[PDB]
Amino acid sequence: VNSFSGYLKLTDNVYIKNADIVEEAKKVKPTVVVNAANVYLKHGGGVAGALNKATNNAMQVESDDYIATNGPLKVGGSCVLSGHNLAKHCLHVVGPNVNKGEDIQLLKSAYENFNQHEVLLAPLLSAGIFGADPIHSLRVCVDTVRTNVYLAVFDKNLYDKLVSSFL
């Protein structure tokens, strides 16, 4: 038993809710919140900008030190950093950005990072300003992640389309 509430169950291990991931994180304090990161950990907009703003920019400060030491992430890769006031840990995961021409096949590699964590609160990777089809992203999530994932979808309209079209 865990503290996630109001989710619809899509499969054995994948759950979904119309929710703002920032508010959901502050209420649940999950062990892991996933950020929709870029390789530079520049949290300017989308989910990343929202999460970083909620940390009063502490996420960005920590991220800049990480990059200065380690260099950029790979598309499809991840790193574990602090969750600040939102979660114990933040798993920064880089899905391909279609608006940068990155290969959509890397979306599966991106979701494989979730399997290193037993339970996660996450957004749909490569959705939103990353330009992928969220229905495709949900399909890859379900077909790749084997650990317990709680997907927060900010847009109610999109949430309804995702549920109603789910096979």
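Residue indices: 1-based, along the sequence shown.
Taking the mean C-alpha B-factor of each stretch as recorded, 92 to 100 and 70 to 78 are not equal, and the higher mean is that of 92 to 100.
Checked against the record, the higher mean CA B factor of 143 to 151 and 21 to 29 lies with 21 to 29. In the deposited coordinates, the residue among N38, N35, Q105, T55 with the greatest CA B-factor is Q105. In the PDB entry, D65 places in the middle third of its chain by CA B-factor.
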